[PDB]
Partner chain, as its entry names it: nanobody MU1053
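Form deposited without its partner chain, single chain, as structure tokens, below.
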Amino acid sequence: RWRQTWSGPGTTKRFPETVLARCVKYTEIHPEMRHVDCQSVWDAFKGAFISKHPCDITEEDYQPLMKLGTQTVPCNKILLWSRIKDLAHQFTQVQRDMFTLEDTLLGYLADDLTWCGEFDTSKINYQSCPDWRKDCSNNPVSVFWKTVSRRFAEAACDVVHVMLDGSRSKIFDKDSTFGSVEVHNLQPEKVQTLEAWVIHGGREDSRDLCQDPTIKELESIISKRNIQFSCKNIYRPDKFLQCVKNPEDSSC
């Protein structure tokens, strides 16, 4: 067909099989989730969007899935990120120093995937799904991430870390999942400090991006929630990752 209904990419190929396999694999590796029934997880995931209009998804839709994917996360080792998820994941992979959303069962199930159904048919739409700007923000994928991110942020305590992409326009972007949901759902009773690591992209020698206006905005927002803010530059992420693997080392 030469023109699609929505402006976004459509459901990821073999979505149901992909999601089921991820659930099997996650529940094999992580013993606290050893017991989860993956068919049921898939059935609750499907329940959230199938047969529903994909511009009319609500956080309620995902509550069955949220219950099934209930999980403890070490609250003081949370790493949040904005537009730099590969480095976040490479870092937590070394020795599990922190945990991102994609280290939880639900974040691992959905990472990199797209999905949406059709009102009053039970088909998955593999041709297009709503684009958040053009069509609607209340679509299956957006609503999932807003729902699961808010719960993850509510679970954090003590010092929470966030990696931000210092190669971008808006280092802190108030429209991102981190800026629109997670910053506002950290609980000040529990969270002492949000520490941002601003990841440089920029050829070696660079500015102190902790002075960027958007980082000052983030400091202001966080400080006014009664949480302390700290920021550090990571000037050379490749050197950082190496120091994480081999800290005894080479000019770390």
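Positions refer to the first chain, counted from 1. Just so we're on the same page, rigid core means the largest C-alpha set that superposes within 1.5 Å between forms. Shifts are known only where both forms have a C-alpha.
As for the form solved in complex with its partner chain, it is not shown, yet the points below apply to it.
Residue contact with its partner chain in the deposited bound form: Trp197 places a heavy atom within 4.5 Å of it. Proximity of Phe178 to its partner chain in the deposited bound form falls outside the 4.5 Å heavy atom cutoff. Residue contact check for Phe91: one or more of its heavy atoms lie within 4.5 Å of its partner chain in the deposited bound form.
Its partner chain is not drawn, but in the deposited bound form it has a heavy atom within 4.5 Å of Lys77. Relative to the superposed core, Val244 shifts its CA atom by 2 Å or more between the shown form and the other one.
Under a 2 Å criterion for C-alpha shift, the lone consecutive stretch of 3+ residues that differs between the shown form and the other one after core superposition lies at 238-252.
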